[PDB]
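Protein chains in written order, with the deposited numbering: chain A, 26 to 43; chain B, 26 to 43; chain C, 26 to 43; chain D, 26 to 43. Ideal Cβ placement from N, Cα and C applies to all residues, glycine included.
4 protein chains.
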Amino acid sequence: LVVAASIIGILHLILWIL
Amino acid sequence: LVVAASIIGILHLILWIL
Amino acid sequence: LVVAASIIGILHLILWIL
Amino acid sequence: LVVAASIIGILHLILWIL
């Protein structure tokens, strides 16, 4: 769960900045 | 907490995409 | 961190629904 | 991951309130 949340949170957070 | 956050984060993230 | 994130995530998520 | 998510979640959450 931490590995998946880390991947989705990273890419998910980047998309918000864009 | 991880199990609940994982369920809410998954469904919660899906709702945003829609 | 999990205890705090759980409290902020819970109340933080509720505020979004409202 | 928890240390990084905690830093990004904290500052990331503050930016939303502003």
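- Its Cα nearest to that of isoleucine 32 of chain B, the residue A:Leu26 stands out among A:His37, A:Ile32, A:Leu26.
- The C-alpha of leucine 43 of chain B is placed about 23 Å away from the C-alpha of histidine 37 of chain D.
- In the three-state reduction of the DSSP assignment, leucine 43 of chain B falls in the coil class.
- In the three-state scheme derived from DSSP, where H, G and I count as helix and E and B as strand, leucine 26 of chain C is classed as coil.
- Taking CB atoms only, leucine 43 of chain C has no neighbour in chain B less than 8 Å away.
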